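Same chain, two versions here, written out as structure tokens and called structure 1 and structure 2.
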Structure 1
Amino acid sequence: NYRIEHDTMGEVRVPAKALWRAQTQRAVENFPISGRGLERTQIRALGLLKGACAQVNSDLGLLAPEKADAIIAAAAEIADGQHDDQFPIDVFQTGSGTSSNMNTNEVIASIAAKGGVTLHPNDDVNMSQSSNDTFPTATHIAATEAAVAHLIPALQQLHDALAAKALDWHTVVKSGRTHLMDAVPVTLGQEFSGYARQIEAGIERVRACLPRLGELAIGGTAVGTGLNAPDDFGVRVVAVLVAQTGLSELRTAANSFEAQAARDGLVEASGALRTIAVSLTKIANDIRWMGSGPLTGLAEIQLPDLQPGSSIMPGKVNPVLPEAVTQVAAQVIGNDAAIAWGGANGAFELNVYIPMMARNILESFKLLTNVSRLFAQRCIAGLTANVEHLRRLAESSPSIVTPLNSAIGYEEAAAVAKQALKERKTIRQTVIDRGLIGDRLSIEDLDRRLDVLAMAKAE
């Protein structure tokens, strides 16, 4: 049921059917901490990087073409997700990600062996590389792809759903709320245009971090000097990665020492994700408050029904998607604090918090991507406004008596506001009931002064 493998420290017993070897098995026994390993996106990025490195080593005549072809074929299988069960090392491993780097090299060597090609995991699969430049490179590839190919399109879909509702509800007049108290009129469309701008500003924030998030350490080797790698190894690997993936945001780092001694690009990108979580909290909280009730809440809008709300209270339906959004936002805030903590504590030539920082930034990208699409499609798209109820409260608000001052005086306007609340009537009906229609104020003049939609000043 087991086999014997070797490294510079001795013999190691490895499960017979595992594609990994001695160094991965040592890491399995050294780090049983979370029971969770690398994600699909991380394994994909490691496979992409190893294939591109083999291509460049072959191009420079440093690696035999048959060996390079075997790495490229094996690495493509890893990048496609055919061997995700061959990456058992915990996230909480050696801080440079050496163990997961060794894990990729050993799995490539075992795949190639099945095709009759002998590869040395270090001498062939890790040629011109170090763990110190490859694991952060794979991390930054995965984070750049998560930003460009998944998060930005998901945020754009949420922006478009919010902007469509802002247009549908352009004339849906309602009463404004400041400090949670009755204020002057607004439209439901104006509030949703505000939410749309928060998401649009979110996309701008992600785009602004891309020139530094896309910076790759590849070619810097052990300390950033590029020792034991060709001088143009970095630019050549990046050129191959851009041609294969289409991820134009990928680039060699401006400074090779900053690219390995620190992970400031991840701290920066997390700050953008954290700001999006802050924006999403406001939007989701306002939406669940607008849908509150039906009889003891605000009852401004109706959220689409997604599932029975209670195991005990029958008929009750809860805002389950705003709840999922606010919980994701809390997770992003938490992950952000762990990333910054890891980011600050590098030492000299290497920051050794990379696997922990990678786990947190990639999870925040994933959670925000998936919850934004669900929020857009299963909540925002199907919202219904209680138009008549919203207009009635705006027309019954004591805040709209101020344009009556030049006709009846502020004293009489305050008396109108007081009687309207007491009798639960509109300001218009109260002005009529108090016998104020005459030479001083006509009904046409009253409807002009109390035009709540005009007070909202919609475009």
Structure 2
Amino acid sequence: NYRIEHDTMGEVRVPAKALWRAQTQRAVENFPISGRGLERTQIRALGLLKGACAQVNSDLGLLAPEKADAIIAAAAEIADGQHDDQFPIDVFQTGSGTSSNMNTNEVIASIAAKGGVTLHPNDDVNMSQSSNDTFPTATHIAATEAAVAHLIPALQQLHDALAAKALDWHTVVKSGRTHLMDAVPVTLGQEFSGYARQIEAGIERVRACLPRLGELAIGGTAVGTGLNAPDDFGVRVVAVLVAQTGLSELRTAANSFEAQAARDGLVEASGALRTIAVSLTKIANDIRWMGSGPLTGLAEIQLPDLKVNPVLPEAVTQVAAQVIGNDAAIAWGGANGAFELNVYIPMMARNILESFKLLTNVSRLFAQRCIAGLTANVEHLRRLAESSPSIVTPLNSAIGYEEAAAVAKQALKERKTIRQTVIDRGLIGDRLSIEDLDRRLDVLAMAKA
């Protein structure tokens, strides 16, 4: 069930299956705060970084090939998600993320030992690296991957479902609403083209932050000077990471001091996620209001059943609230760096990576299980638009503003269309024909589809 690990202070107990060592177990017992550790994306990124560092240390003749091959093989297993249960240290740890860095070095040493290769976690696995430039690098690798490989395709899937609805509902005329009050006609297609643009603009916002989100601190070592690392370590590690992941957005930082003293790229990326959360709130709110009732609500559309409650718009608006909250935590940590190091990295990493994950997963669900299956109450929508006092204005040049206001008043009272009220009031004659009436009251033409 358990095994004993030793260090200079004494002994610690670790689970039998654990690949971490005494130093990681000391960190576990030093930080019992949340009971929540690193996510799979952060763990993968630490694996990718350690493998790339071993490759570069081998290329520069600084690390023996047998040792480099063992690190590269161990780090590939971590990057493949084979050791997601080997990172037990709390998110709320030493602000540089040094404990999680040491945790990766210890797990790699234990994997290589199973294959008969002895690695020193610090001297070999952390060669040319420091306690301060490793965890922020893995954070920006994970955030860049989350943006490019997962969030942008998920948002594109949502944009395509909204755009398909904009096309399908192109002529589905309805009454507009401004200040929640009756307004001139629109189409359901036009409203959905608006939602599609919000998601398209969301993708543009994510893409615009990538030149700074993809900046890596690797090679800057303890304070950003690069002391105790080869002069080209950073450019070489980044080259290996780009070739292996296909993430061309990964780059060396423009300034090695800014890359460690601050995490401004995460604050910037969080702002884009927060704007997407704001867009999603508007889209989800309109959709659940459109599907409200049926008797006591708007009853414009029908949401797919998973009393049909709008459970996916509720999941979307709750996710948006979480992204807003995480955004405030990220900015707070971001502003409070000091001199050569910002020490809020594990907290900032947790929040940014969670915001990417929640937006990715909820956007795919919302697109597939809500948007794709929406059905419109076409006749009900057209009836309300054709019954609106807002459409009596094009009758003014035929019957006058006084008679047009009388038509509007009677239509509301008798719950009839403007067309039927004009007929019932005996206004069809030489001054206004039935064809002229239908042209003047063409609600689809008023929406200017």
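Residue positions are counted from 1 along structure 1's sequence. Residues that one form lacks are left out of the comparison. Each form is matched to the other, and the largest set of C-alpha atoms that superpose within 1.5 Å is called the rigid core.
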property	result
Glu11 C-alpha shift between the two structures of 2 Å or more, rigid core reference	yes
Per-residue Cα shift, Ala22, between the two structures [Å; core superposed]	2.0
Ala79 CA shift between the two structures in angstrom, with the core used for superposition	1.2
Mobile segments between the two structures - rigid core superposition, Cα shift of 2 Å or more, 3+ residues	1 to 18
